[PDB]
Amino acid sequence: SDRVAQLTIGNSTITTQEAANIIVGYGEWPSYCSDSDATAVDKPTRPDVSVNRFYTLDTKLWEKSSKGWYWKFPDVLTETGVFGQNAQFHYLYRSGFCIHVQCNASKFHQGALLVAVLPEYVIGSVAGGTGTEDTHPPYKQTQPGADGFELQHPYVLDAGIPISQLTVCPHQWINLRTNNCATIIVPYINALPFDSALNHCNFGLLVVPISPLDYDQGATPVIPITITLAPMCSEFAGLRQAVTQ
Amino acid sequence: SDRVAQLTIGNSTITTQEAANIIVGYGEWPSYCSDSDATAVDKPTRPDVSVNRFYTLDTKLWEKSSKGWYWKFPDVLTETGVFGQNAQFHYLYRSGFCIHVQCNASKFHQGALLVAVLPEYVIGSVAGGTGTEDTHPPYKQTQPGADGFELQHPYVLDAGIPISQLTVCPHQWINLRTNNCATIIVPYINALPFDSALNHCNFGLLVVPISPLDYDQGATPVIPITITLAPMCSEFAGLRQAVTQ
Amino acid sequence: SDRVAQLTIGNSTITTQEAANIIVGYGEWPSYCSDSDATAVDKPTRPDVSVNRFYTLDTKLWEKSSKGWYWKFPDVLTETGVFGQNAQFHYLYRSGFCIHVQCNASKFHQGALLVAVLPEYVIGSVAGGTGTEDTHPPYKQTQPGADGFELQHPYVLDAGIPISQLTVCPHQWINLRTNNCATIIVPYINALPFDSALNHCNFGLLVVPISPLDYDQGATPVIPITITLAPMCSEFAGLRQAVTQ
Amino acid sequence: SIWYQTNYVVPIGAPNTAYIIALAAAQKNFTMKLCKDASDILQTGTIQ
Amino acid sequence: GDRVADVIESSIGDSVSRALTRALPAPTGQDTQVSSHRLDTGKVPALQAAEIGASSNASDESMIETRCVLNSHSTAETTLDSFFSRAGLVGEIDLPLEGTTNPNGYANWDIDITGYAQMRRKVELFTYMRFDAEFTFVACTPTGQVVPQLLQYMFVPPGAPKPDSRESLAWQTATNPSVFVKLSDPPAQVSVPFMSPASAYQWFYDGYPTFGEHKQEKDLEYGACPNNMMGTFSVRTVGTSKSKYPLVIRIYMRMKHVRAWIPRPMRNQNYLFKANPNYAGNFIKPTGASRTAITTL
Amino acid sequence: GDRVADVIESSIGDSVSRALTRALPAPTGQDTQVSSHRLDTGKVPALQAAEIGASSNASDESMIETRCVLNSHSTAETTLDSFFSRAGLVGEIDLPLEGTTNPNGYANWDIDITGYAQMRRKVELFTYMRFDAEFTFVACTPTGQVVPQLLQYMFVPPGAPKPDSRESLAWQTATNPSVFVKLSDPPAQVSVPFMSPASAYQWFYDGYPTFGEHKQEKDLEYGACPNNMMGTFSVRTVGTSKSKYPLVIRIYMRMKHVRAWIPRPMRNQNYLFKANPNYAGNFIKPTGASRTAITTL
Amino acid sequence: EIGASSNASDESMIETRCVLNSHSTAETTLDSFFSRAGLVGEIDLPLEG
Amino acid sequence: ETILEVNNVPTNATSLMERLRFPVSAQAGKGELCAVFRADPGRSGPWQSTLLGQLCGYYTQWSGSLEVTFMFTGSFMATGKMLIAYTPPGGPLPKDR
Ligand SMILES: CCCCCCCCCCCCC/C=C/[C@H](O)[C@H](N)CO
Ligand SMILES: CCCCCCCCCCCCC/C=C/[C@H](O)[C@H](N)CO
C-alpha cells in the first residue's frame, strides 16, 4: 500500500512496485502564481498537458567507483520538446517538478544512492588546487544540459558544502536492498514569482552513491540510473523570438 | 464608427483607420470543440495567448501587371513561432483564424483587390496545356509555405473554377479609393473535429487584383501587400516528437 | 488474501500458498439440472461425496523442449474410482469440474504455462502432411485417457486453431516467477442436459508452455506438472451393466 | 515501441535471457462498422 | 482549483458556436409591399458598399415605386433533395467477349462519381456533402438487346479481398452484400448509406493522406481522400464458362437525405481526370459567350 | 465561455499552495510522558526507514521506560532574530596617509557581507534571507587612538555617481543620505531597510545575469546577483587638504526582522573569494576531527 | 496471470478529455454479423458426365 | 486478451511457437530498442494473431482505444525497468528513447 505506486501526468505514466513513498519538497505542492504575487502584466500561457509530462532524459551507469552526478533545472529541459520550445520562446518561467530516479538491481546487489534537491546549487571551481587562482567553472559545467555532470569531489559537492548535511534538503534514499526508485516533488523555489528559464537554474538534483555498489562476479555488472521528471503547473510569459541559450 | 477598428489578441494589436467592417466566415465565430463532437480521448492542449496572436508573415509588392497570390492555412504558420512548434509536436489540429490583409495607398492611386477564403482550395496543374498529360502540382506549389504562390491563370484560379463566382466564399474588397485593409474571421472548416496541421490545409486565402493598379508617373511605385493573421481558439492533440514536414 | 487458497470438496483438500485467484468458466458455477431442462424420466443418482473429490491422475515432466499436453474430460476419470464406476454403469452424465494444475519451481526458475479449457476440443490429423490424405486420429489420440497426450504442433493445437487466440476460453497462466498453481472451475458445457460419459468428451484441458522453461545448470532439472481435478454436482442416469469403453 | 528504461538486472544463478508475452485487447469504447468480407479465404481448392 | 483571475474569468472551454444568423422558414418568395415616392436627405438605401463583402440589401420598395404583390411562388424545388435526388450516370462497366479491357468476364469498378461531368459539376458545387445513395444498374448488350444472362453485383468495401477472376473464391460473398439479377428482370436497385469515416464526403481534399516525401512516384497521392474511397464494385457473369453475350452495364446514382456545406464556384473548364481538378492550360475558355463590342448586344 | 468538461472541471488557476504542514506554537521543549514496559507484536516504533527521506519519529517513550518530566526549557534563543541579531564585522576600510590602496583620503567599499567568514558562514546557512540592517561604523587610527577628525559616510545606491576624489562633486549629497561624525563621537549607527528588488536576498544565485556567450572575459558574471548589489559605501575625510591622521574604519552589521528560507548545508571549507563558493581543491579537509581507529575513542 | 482481461481504463493511465461516444454497437451483434447470405453448396447437373 | 505475435519474424514450422513471445536480456544500459509494432488491429502484421484483429478483419471501420498488456516470464530474482511508448500518427519510427 506504500511500496507500489503509479504517477500519471499529461500523457505519460510511470509505475513502480518497490517505491519508498513520495517526498513533497518542503511540504508544499506546486501551484500557479497568485494574482497578489504576480508582477508581470501580460497574461501567462499555461500549455498544461503538452509540457506537464514525464521526460526520460538520460541514463547513467552506476559503477563500483562512481563519484556521483548532478543535473540542473530547468536546464535539462531547456532543449526538450514542447516544454523546451516554450522555455525558449518565453522570457519568464514558473513551474514545479516531480523527479523520479530509477535504479533497479537484484536482491544480491547492494549500494545506497542519496537523491537530493538543492536549490540554487552554485558550482564552484577547485581554485587551482592551492586556492590562489580565481577560476570560474566553464559553461559546460555550470549548465551541463541533459547529460548532467560527474562530481569531482562529492564530499564537498564541488561547492565547499559537506554532503553529510545534504539530507536537510528534500531527499530520498535508493538502497538497492529495498527500493529501486526515488520520487521527489519540488515546488517553485525562487525569490521571484517568475524568472528566466535559460539564465537562472532554480535548483540542482544530486545523485551521489554514499555506499559503493558491490556484487559478486557473475551478476549483471551494468546497473543503470535513469532520471525521469515532469514539470508541474508550468507557466510562461514574455513571448518573443526563440533564444537558443 | 465603422471605418476605424482595432483588433487585439494575445500580445499583439492591429489598428486601422480606413477599415471596411469585419466579415465573419459563414456567420460563425471560432469556438472550441464540443465534447459531443470530439473523438480523440486525450486531453487537448490550449496554449491560448502563446499561439492566438497576430503573425505578420510576408510582404508582397502589388504591380500594374500582377496576377495574384494565394496562401495555404495553416501551412503559413507550420514553421512560425510557438504555433508552429505546437503544430509540429502535435498530431491533431483545430483553430479558427483572423486574416487581416494590409494594402495602403494614396488618394491618387486606384485598384481593387479581391481577398477571399476558399476552403479546401485544391490546386490543379495545367495538364501540359493540351490536357493529355496527367501532371500534379509540385510540393512547393501545393504547400507554398509563408511565401505564398503567384497564380498562373487567376481567371480559373489554377483550379478550373472562375474567379467571378469566388465572392460566394467569405470575402472582402480592398479598393484603394476607400479602404486599405480587409478583415476576415474564419472558423474551423473541416469534415473532422481535428486534423493534421501538416498534411491537410483547411483553406486557402486568395488575394487577386481584379482592377489593375494604376497611378501617374511620379507617385510611389511600390505598393506592398502585407498579410497579418491570428489563429483563434487553437487546440492541439496527439503529442509526439516533432515532425518538420 | 488472494495468493493463499484452500479448496475442499468430498474427502479431499487441496491447499496453495502462491495461488493466482480462481477462474469460474464463463462466470457460471456448476449446478444440478433443472426440471425444466431435464429430458430423461428416470430419477438420476447423485452420489455426492463419493465422486465429488479431487483426483490426482498423473504427473508430467516439464522440459526446456516440451511442446505441451492435453487431457480429455471426463475421459480422464472414466476409469478412476467410484466416479469411473458410476460413469461405466450409467448411460447419462452431467457434472462440472474444478481443475487444479500444480507446477512448482524456485525463484531462480522461469517459464510460463497456458492452462486453458477448450470445450469440444476436436483433434485433427496432419492429413499426411500435404493434405491429400483423409486420415483420422487413432482411438489412443482422440481418447488419450489419464496419461493425456503430447501436442505435435501446439501452434495450431493439432486442430488448425492458433493458440494465440486460446485465451478466449477460460484460462490461467502458471508463470513460475509468481504462481505455481492454476484453478479453473468449469460448469457443464454441452448442447444437451445429459450425455454419455464414454462416447462424448465435453471439453479438453490444454497445458502448453508458451515461454520455454529455463534455469542455470545446477538447479533442480525435474519440474513436474501435476493435474488435480474434482467433479462438481455430478449426476448419472440410465443404469445398466457396466461398459468398459 | 518498447525501450529498456534502465537495464535487465539479474543475479548470479538465474537465466540471463527472459521472455515477454504480449496480450492485446480493446477497451470498452471500441466499436466496429461496415461489416465486410474476410481478407483471408482459408481454402485453396474444393473442400473435399 | 481556480484562484487566479485570468483562469476564473477565462473563456477557454466555451464550446458554443456563436451564430450571428438563424434560419427562418420561407415556404414562398417574399411579398412586395406598397411603396411611394420618397424625397429625403441623409438616408440613402441605393448607395451601398460591396467593399464590405456583403450582398447589398436594397429592396424593390426602397428604389422604385412598387405595388402590393402577394408572392405565392413556392421555393420547394430549389432545395437540396429536390436538386440532387435525380438519378444520373456515374459509372459504366464493359464486359466484352473478346477484348483487352475485361476479357475475363468480370470487372472491378472503383466507386467514384467524378467520371461524368453531368454529375460531377452538380456534386462539386459544394465542398462537403452528406447523403444516402440509391444505385440502379441497367445492363444490356451493345445493341440495346436484353439477353437471358444472370449477373452478380458485389459490394466490396475497402479492405475486403478484390476478386481476381470470374471463379475466384471472393465471389462466395459470405459477408459482402451481393445482388443476383437477370437482364430480363428490371434493373437492380439498392440503397447505400453514408459510409464515409468522416462526417461528410469531401470532393476536394487540399492535402496529402500520408506523411513523408512526396516525390514523383509518390505524387498521385495529392487530392486523393481515403475518406471517400467507399470501396470497389465487382460484377461478373455467373458461370464457369464464358458468357454467350457481350454486356455493357451502366450504373445510375441518386442521392437522398442530402446535406451540403461550403459552396464553391462552379466548374467552368472541361474535366480531364477523375479526382483531379486539372484543366487544359492552353485551352482555357471563358465562362460565358462573347460579343464583338460592349456597347452593342 | 466554458462548455467543454476538460475546461469546466480543470484545476488550472488554483493558486492556493496546498501545505501538508502547519506551524504550531512551541514556547518550550516538549514534555516527556510516563512510559512502561511494552511487549507486543506487529506494531514496532523502533524500526524505521530513513529510505523514505523523512526523519524518524520514534520518541523516548516508545523506546525505553521513561518518567514524567515537565520540560520548561525555552526555545526563544534559537529563533532567527536571536541567532542573527548580533553585530559582527562585515567590512573594513583603510585610509592611509601614504599608501597605494587609498592615498586620496577616500575609499569606496562595495557593500557585501561575504568578506569575513564569521558572518558569511552564519548568513550562508540559508539560501534566501529577508531582513533589515543596522550598520555601526567604528573608526580609529591603526594604534587604536581616537583623533579629532571629521568624516563623511555616504550611501551610494546602485546607479548613483561614485565619487572619484575627496573633493568630487558627488559629495554634495543633495539626494544621497550622508552621515557626518567625528572619531571622538560614539560610532555612527544607522538602520538600513530591505532594499533588494527581489522579495529576499539570495546568497547563492545559480545562474547568469545577462544573455549571450559567457567567454573568458565575460566569466566573472557567474554567481553575481544584481538583486544583492545594494550599492557602494563611500567614506572620506571632510576637508580640502590631506588628513593629519591615518584612519582604519570597521563596519559592523546587525540584521533584524530576519526571515529565512531554504536551509542548506553549512560551509566546511576555507573561504577564498567574495561572492564565490570556490574552495582549495588540493586542500580539501574533513568536516570534523579524525581518530586513529573506529573501535577506540 | 489470473486469466482475466486487464480492466485499466483510459482515465487511469493518461490525462483524457470528456468525449460523448455515440458510436452504435448494433452492427456487431450476432444477427447483424451472420444474417448475410453466402454460398454453402453447389449442385452440378451435367448432360454428359 | 489474446496473445499478440509481436515477434513475428520466424516462418519455419519447428519454430512457429516462438512468434508468441519476444526476449529481453541484460543490456549495456543505453536505452536500446527491444521491439516495435504497428497499432492497427485489422492490418497485416502482429495484430492478426489476436481475436480482436481477426474480428476487425471482418469490419471495414473501427473506433476505440486499444489496450496491450505485456506479461514478464522471467525469473523472480530478475528485475528491471522498461519504457513502452506509443507514437501518435504522423511521426516516424523514433530513432532513440
Ligand atoms: C452495390 C454497392 C454500391 C456501393 C455504393 C457506394 C457509394 C458511396 C457514395 C459515395 C462514393 C464516393 C464518391 C466519390 C468521392 C470523391 O469525389 C472521390 N473519391 C475523389 O477521390
Ligand atoms: C550607510 C549605508 C549602508 C547601506 C547598507 C546596505 C546593506 C544592505 C544589506 C545587504 C547587502 C548585500 C549583502 C551581500 C549579498 C550577496 O551575498 C553578495 N552580493 C554576493 O554577490
# chains A, B, ... in the order shown; residues from 1 in each chain; ligands from 1

call {"tool": "residues_around", "arguments": {"residues": "segment 192-195 of chain B", "least_positions_apart": "4", "cutoff": "10 Å", "atoms": "only C-alpha atoms", "output": "list in words"}}
result
residues 32, 33, 34, 37, 38, 39, 40, 91, 92, 93, 94, 95, 188, 199, 200, 201, 202, 235, 236 and 237 of chain B; 197, 198, 199 and 200 of chain E

call {"tool": "residues_around", "arguments": {"residues": "segment 204-220 of chain C", "least_positions_apart": "5", "cutoff": "7 Å", "atoms": "only C-alpha atoms", "output": "PyMOL selection string"}}
result
(chain C and resi 63-64+67-73+108-121) or (chain D and resi 13-15+19) or (chain H and resi 21+73)

call {"tool": "select_by_dssp", "arguments": {"residues": "segment 10-151 of chain F", "states": "helix (DSSP H, G or I)", "output": "ChimeraX atom specification"}}
result
/F:50-52,80-84,117-123

call {"tool": "closest_atom_pairs", "arguments": {"of": "chain E", "to": "chain H", "cutoff": "8 Å", "atoms": "only C-alpha atoms", "output": "JSON lines"}}
result
{"residue": "E:157", "atom": "CA", "partner": "H:60", "partner_atom": "CA", "distance": 6.7}
{"residue": "E:158", "atom": "CA", "partner": "H:60", "partner_atom": "CA", "distance": 6.5}
{"residue": "E:159", "atom": "CA", "partner": "H:60", "partner_atom": "CA", "distance": 6.4}
{"residue": "E:160", "atom": "CA", "partner": "H:60", "partner_atom": "CA", "distance": 7.8}
{"residue": "E:175", "atom": "CA", "partner": "H:58", "partner_atom": "CA", "distance": 8.0}
{"residue": "E:197", "atom": "CA", "partner": "H:61", "partner_atom": "CA", "distance": 7.4}
{"residue": "E:210", "atom": "CA", "partner": "H:90", "partner_atom": "CA", "distance": 7.6}
{"residue": "E:211", "atom": "CA", "partner": "H:90", "partner_atom": "CA", "distance": 6.0}

call {"tool": "write_last_selection", "arguments": {"atoms": "C-alpha atoms", "output": "JSON list (two decimals), in the first residue's frame"}}
result
[["chain", "number", "residue", "atom", "x", "y", "z"],
["E", 157, "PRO", "CA", -15.78, -2.38, -49.00],
["E", 158, "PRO", "CA", -12.23, -1.02, -48.65],
["E", 159, "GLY", "CA", -10.01, -3.75, -47.23],
["E", 160, "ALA", "CA", -12.11, -6.66, -48.49],
["E", 175, "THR", "CA", -20.01, -11.45, -45.76],
["E", 197, "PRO", "CA", -15.40, 7.70, -41.87],
["E", 210, "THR", "CA", 0.30, 10.10, -45.52],
["E", 211, "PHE", "CA", 3.48, 11.67, -44.20]]

call {"tool": "residues_around", "arguments": {"residues": "residue 145 of chain A", "least_positions_apart": "2", "cutoff": "8 Å", "atoms": "only C-alpha atoms", "output": "MDAnalysis selection string"}}
result
chainID A and resid 71:72 75:77 140 143 147:148

call {"tool": "write_last_selection", "arguments": {"atoms": "N, CA and C atoms", "output": "compact mmCIF listing (two decimals), in the first residue's frame"}}
result
# COMPACT_ATOMS: atom_id res chain seq x y z
N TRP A 71 22.32 17.26 -11.93
CA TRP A 71 21.62 17.89 -13.05
C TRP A 71 21.07 19.23 -12.60
N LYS A 72 20.94 20.15 -13.54
CA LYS A 72 20.44 21.49 -13.27
C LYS A 72 19.06 21.66 -13.89
N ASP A 75 17.36 23.46 -16.82
CA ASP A 75 18.35 23.37 -17.89
C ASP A 75 18.17 22.06 -18.64
N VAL A 76 17.91 20.98 -17.91
CA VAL A 76 17.79 19.66 -18.52
C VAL A 76 16.67 19.63 -19.55
N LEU A 77 15.67 20.49 -19.40
CA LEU A 77 14.55 20.54 -20.34
C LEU A 77 14.52 21.78 -21.21
N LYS A 140 29.93 24.61 -19.82
CA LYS A 140 29.55 23.20 -19.86
C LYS A 140 29.46 22.57 -18.48
N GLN A 143 26.17 24.78 -16.64
CA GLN A 143 24.92 24.41 -17.32
C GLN A 143 25.18 23.14 -18.11
N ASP A 147 22.90 15.89 -20.14
CA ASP A 147 23.86 14.86 -19.77
C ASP A 147 24.27 14.92 -18.31
N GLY A 148 23.92 15.98 -17.59
CA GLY A 148 24.37 16.09 -16.22
C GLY A 148 25.87 16.33 -16.18

call {"tool": "residues_around", "arguments": {"residues": "residue 15 of chain A", "least_positions_apart": "5", "cutoff": "8 Å", "atoms": "only C-alpha atoms", "output": "PyMOL selection string"}}
result
chain A and resi 4-7

call {"tool": "write_last_selection", "arguments": {"atoms": "N, CA and C atoms", "output": "PDB file, in the first residue's frame"}}
result
ATOM      1  N   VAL A   4       3.966   0.076  -3.716  1.00  0.00           N
ATOM      2  CA  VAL A   4       3.521   0.160  -5.101  1.00  0.00           C
ATOM      3  C   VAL A   4       2.891   1.525  -5.327  1.00  0.00           C
ATOM      4  N   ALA A   5       3.252   2.162  -6.436  1.00  0.00           N
ATOM      5  CA  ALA A   5       2.753   3.497  -6.730  1.00  0.00           C
ATOM      6  C   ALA A   5       2.717   3.690  -8.236  1.00  0.00           C
ATOM      7  N   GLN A   6       1.873   4.622  -8.666  1.00  0.00           N
ATOM      8  CA  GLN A   6       1.750   4.976 -10.073  1.00  0.00           C
ATOM      9  C   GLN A   6       1.560   6.476 -10.188  1.00  0.00           C
ATOM     10  N   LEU A   7       2.448   7.129 -10.932  1.00  0.00           N
ATOM     11  CA  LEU A   7       2.383   8.568 -11.159  1.00  0.00           C
ATOM     12  C   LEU A   7       1.985   8.797 -12.609  1.00  0.00           C
TER      13      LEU A   7
END

call {"tool": "closest_atom_pairs", "arguments": {"of": "chain H", "to": "chain D", "cutoff": "6 Å", "atoms": "only C-alpha atoms", "output": "JSON lines"}}
result
{"residue": "H:1", "atom": "CA", "partner": "D:25", "partner_atom": "CA", "distance": 4.7}
{"residue": "H:2", "atom": "CA", "partner": "D:23", "partner_atom": "CA", "distance": 5.2}
{"residue": "H:3", "atom": "CA", "partner": "D:23", "partner_atom": "CA", "distance": 4.5}
{"residue": "H:4", "atom": "CA", "partner": "D:23", "partner_atom": "CA", "distance": 5.2}
{"residue": "H:21", "atom": "CA", "partner": "D:21", "partner_atom": "CA", "distance": 4.7}
{"residue": "H:22", "atom": "CA", "partner": "D:19", "partner_atom": "CA", "distance": 5.4}
{"residue": "H:23", "atom": "CA", "partner": "D:19", "partner_atom": "CA", "distance": 4.1}
{"residue": "H:24", "atom": "CA", "partner": "D:18", "partner_atom": "CA", "distance": 5.2}
{"residue": "H:25", "atom": "CA", "partner": "D:17", "partner_atom": "CA", "distance": 4.4}
{"residue": "H:26", "atom": "CA", "partner": "D:8", "partner_atom": "CA", "distance": 4.5}
{"residue": "H:27", "atom": "CA", "partner": "D:7", "partner_atom": "CA", "distance": 5.8}
{"residue": "H:29", "atom": "CA", "partner": "D:7", "partner_atom": "CA", "distance": 5.2}
{"residue": "H:31", "atom": "CA", "partner": "D:4", "partner_atom": "CA", "distance": 4.9}
{"residue": "H:32", "atom": "CA", "partner": "D:3", "partner_atom": "CA", "distance": 5.8}
{"residue": "H:33", "atom": "CA", "partner": "D:3", "partner_atom": "CA", "distance": 4.6}
{"residue": "H:34", "atom": "CA", "partner": "D:2", "partner_atom": "CA", "distance": 5.4}
{"residue": "H:35", "atom": "CA", "partner": "D:2", "partner_atom": "CA", "distance": 5.3}
{"residue": "H:36", "atom": "CA", "partner": "D:1", "partner_atom": "CA", "distance": 4.4}
{"residue": "H:58", "atom": "CA", "partner": "D:38", "partner_atom": "CA", "distance": 5.3}
{"residue": "H:59", "atom": "CA", "partner": "D:35", "partner_atom": "CA", "distance": 4.3}
{"residue": "H:60", "atom": "CA", "partner": "D:34", "partner_atom": "CA", "distance": 5.4}
{"residue": "H:61", "atom": "CA", "partner": "D:33", "partner_atom": "CA", "distance": 5.0}
{"residue": "H:62", "atom": "CA", "partner": "D:32", "partner_atom": "CA", "distance": 4.3}
{"residue": "H:63", "atom": "CA", "partner": "D:31", "partner_atom": "CA", "distance": 5.2}
{"residue": "H:64", "atom": "CA", "partner": "D:30", "partner_atom": "CA", "distance": 3.8}
{"residue": "H:65", "atom": "CA", "partner": "D:27", "partner_atom": "CA", "distance": 5.7}
{"residue": "H:66", "atom": "CA", "partner": "D:26", "partner_atom": "CA", "distance": 4.3}
{"residue": "H:67", "atom": "CA", "partner": "D:25", "partner_atom": "CA", "distance": 5.2}
{"residue": "H:68", "atom": "CA", "partner": "D:24", "partner_atom": "CA", "distance": 4.3}
{"residue": "H:69", "atom": "CA", "partner": "D:23", "partner_atom": "CA", "distance": 5.0}
{"residue": "H:70", "atom": "CA", "partner": "D:22", "partner_atom": "CA", "distance": 4.2}
{"residue": "H:71", "atom": "CA", "partner": "D:21", "partner_atom": "CA", "distance": 4.8}
{"residue": "H:72", "atom": "CA", "partner": "D:20", "partner_atom": "CA", "distance": 4.7}
{"residue": "H:73", "atom": "CA", "partner": "D:19", "partner_atom": "CA", "distance": 5.5}
{"residue": "H:74", "atom": "CA", "partner": "D:18", "partner_atom": "CA", "distance": 4.6}
{"residue": "H:78", "atom": "CA", "partner": "D:10", "partner_atom": "CA", "distance": 4.4}
{"residue": "H:79", "atom": "CA", "partner": "D:9", "partner_atom": "CA", "distance": 5.4}
{"residue": "H:80", "atom": "CA", "partner": "D:8", "partner_atom": "CA", "distance": 4.6}
{"residue": "H:81", "atom": "CA", "partner": "D:5", "partner_atom": "CA", "distance": 5.1}
{"residue": "H:82", "atom": "CA", "partner": "D:5", "partner_atom": "CA", "distance": 4.4}
{"residue": "H:83", "atom": "CA", "partner": "D:3", "partner_atom": "CA", "distance": 4.9}
{"residue": "H:84", "atom": "CA", "partner": "D:2", "partner_atom": "CA", "distance": 4.4}
{"residue": "H:85", "atom": "CA", "partner": "D:1", "partner_atom": "CA", "distance": 5.4}

call {"tool": "select_by_dssp", "arguments": {"residues": "segment 129-260 of chain F", "states": "strand (DSSP E)", "output": "ChimeraX atom specification"}}
result
/F:129-140,150-156,178-182,188-192,201-202,232-237,247-260

call {"tool": "residues_near_ligand", "arguments": {"ligand": "ligand 1", "cutoff": "6 Å", "atoms": "only C-alpha atoms and all ligand atoms", "output": "ChimeraX atom specification"}}
result
/E:111-114,155,192,203,224-225,228-230,275

call {"tool": "write_last_selection", "arguments": {"atoms": "N, CA and C atoms", "output": "PDB file, in the first residue's frame"}}
result
ATOM      1  N   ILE E 111     -15.523   2.749 -56.936  1.00  0.00           N
ATOM      2  CA  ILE E 111     -16.677   3.626 -56.784  1.00  0.00           C
ATOM      3  C   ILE E 111     -16.236   5.082 -56.738  1.00  0.00           C
ATOM      4  N   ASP E 112     -16.621   5.849 -57.756  1.00  0.00           N
ATOM      5  CA  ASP E 112     -16.344   7.283 -57.795  1.00  0.00           C
ATOM      6  C   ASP E 112     -17.304   7.946 -58.774  1.00  0.00           C
ATOM      7  N   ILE E 113     -17.890   9.073 -58.359  1.00  0.00           N
ATOM      8  CA  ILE E 113     -18.880   9.766 -59.177  1.00  0.00           C
ATOM      9  C   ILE E 113     -18.278  10.893 -60.001  1.00  0.00           C
ATOM     10  N   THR E 114     -16.955  10.985 -60.076  1.00  0.00           N
ATOM     11  CA  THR E 114     -16.287  12.052 -60.808  1.00  0.00           C
ATOM     12  C   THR E 114     -16.024  11.703 -62.266  1.00  0.00           C
ATOM     13  N   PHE E 155     -20.707  -5.740 -53.607  1.00  0.00           N
ATOM     14  CA  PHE E 155     -20.151  -4.560 -52.965  1.00  0.00           C
ATOM     15  C   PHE E 155     -18.913  -4.976 -52.183  1.00  0.00           C
ATOM     16  N   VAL E 192     -27.768   2.684 -50.538  1.00  0.00           N
ATOM     17  CA  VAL E 192     -26.450   2.658 -49.910  1.00  0.00           C
ATOM     18  C   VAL E 192     -26.366   3.774 -48.876  1.00  0.00           C
ATOM     19  N   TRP E 203     -15.394  16.443 -51.666  1.00  0.00           N
ATOM     20  CA  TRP E 203     -14.959  16.255 -53.042  1.00  0.00           C
ATOM     21  C   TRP E 203     -13.577  16.839 -53.288  1.00  0.00           C
ATOM     22  N   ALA E 224      -6.226  12.835 -53.272  1.00  0.00           N
ATOM     23  CA  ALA E 224      -6.921  11.577 -53.029  1.00  0.00           C
ATOM     24  C   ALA E 224      -7.342  11.532 -51.567  1.00  0.00           C
ATOM     25  N   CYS E 225      -8.645  11.415 -51.326  1.00  0.00           N
ATOM     26  CA  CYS E 225      -9.180  11.379 -49.970  1.00  0.00           C
ATOM     27  C   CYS E 225      -9.553   9.948 -49.609  1.00  0.00           C
ATOM     28  N   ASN E 228     -13.175   9.143 -48.876  1.00  0.00           N
ATOM     29  CA  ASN E 228     -14.126   8.994 -49.968  1.00  0.00           C
ATOM     30  C   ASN E 228     -13.974   7.679 -50.719  1.00  0.00           C
ATOM     31  N   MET E 229     -12.955   6.882 -50.401  1.00  0.00           N
ATOM     32  CA  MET E 229     -12.762   5.575 -51.031  1.00  0.00           C
ATOM     33  C   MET E 229     -13.760   4.613 -50.403  1.00  0.00           C
ATOM     34  N   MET E 230     -14.973   4.586 -50.955  1.00  0.00           N
ATOM     35  CA  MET E 230     -16.039   3.780 -50.371  1.00  0.00           C
ATOM     36  C   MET E 230     -15.939   2.310 -50.745  1.00  0.00           C
ATOM     37  N   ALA E 275     -11.026  12.575 -59.957  1.00  0.00           N
ATOM     38  CA  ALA E 275     -10.440  13.031 -58.700  1.00  0.00           C
ATOM     39  C   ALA E 275      -9.244  13.943 -58.937  1.00  0.00           C
TER      40      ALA E 275
END

call {"tool": "residues_near_ligand", "arguments": {"ligand": "ligand 2", "cutoff": "9 Å", "atoms": "only C-alpha atoms and all ligand atoms", "output": "VMD selection string"}}
result
chain F and resid 110 to 114 120 123 to 124 131 to 137 153 to 157 177 to 179 189 to 196 201 to 205 223 to 234 253 255 274 to 276

call {"tool": "atom_distance", "arguments": {"atom1": "atom CA of residue 43 of chain G", "atom2": "atom CA of residue 131 of chain C"}}
result
24.3 Å

call {"tool": "residues_around", "arguments": {"residues": "residue 2 of chain G", "least_positions_apart": "4", "cutoff": "10 Å", "atoms": "only C-alpha atoms", "output": "VMD selection string"}}
result
(chain C and resid 19 to 23 171 to 174 179 182 to 183) or (chain G and resid 6)

call {"tool": "interface_residues", "arguments": {"of": "chain E", "to": "chain A", "cutoff": "8 Å", "atoms": "only C-alpha atoms", "output": "list in words"}}
result
residues 3, 4, 5 and 6 of chain E

call {"tool": "write_last_selection", "arguments": {"atoms": "C-alpha atoms", "output": "PDB file, in the first residue's frame"}}
result
ATOM      1  CA  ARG E   3      -7.840  31.042  -7.873  1.00  0.00           C
ATOM      2  CA  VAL E   4      -6.188  33.340 -10.419  1.00  0.00           C
ATOM      3  CA  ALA E   5      -8.471  35.804 -12.191  1.00  0.00           C
ATOM      4  CA  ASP E   6      -7.144  35.063 -15.679  1.00  0.00           C
TER       5      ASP E   6
END

call {"tool": "interface_residues", "arguments": {"of": "chain G", "to": "chain C", "cutoff": "9 Å", "atoms": "only C-alpha atoms", "output": "list in words"}}
result
residues 1, 2, 3 and 4 of chain G

call {"tool": "write_last_selection", "arguments": {"atoms": "N, CA and C atoms", "output": "mmCIF file, in the first residue's frame"}}
result
data_model
loop_
_atom_site.group_PDB
_atom_site.id
_atom_site.type_symbol
_atom_site.label_atom_id
_atom_site.label_comp_id
_atom_site.auth_asym_id
_atom_site.auth_seq_id
_atom_site.Cartn_x
_atom_site.Cartn_y
_atom_site.Cartn_z
ATOM 1 N N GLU G 1 -1.790 -13.099 -15.290
ATOM 2 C CA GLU G 1 -1.649 -14.407 -14.668
ATOM 3 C C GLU G 1 -2.988 -14.980 -14.237
ATOM 4 N N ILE G 2 -3.887 -14.124 -13.751
ATOM 5 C CA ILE G 2 -5.168 -14.589 -13.225
ATOM 6 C C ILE G 2 -6.006 -15.208 -14.333
ATOM 7 N N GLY G 3 -5.816 -14.745 -15.562
ATOM 8 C CA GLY G 3 -6.644 -15.160 -16.668
ATOM 9 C C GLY G 3 -7.773 -14.216 -16.997
ATOM 10 N N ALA G 4 -7.818 -13.049 -16.367
ATOM 11 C CA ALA G 4 -8.827 -12.041 -16.629
ATOM 12 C C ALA G 4 -8.207 -10.871 -17.377
#
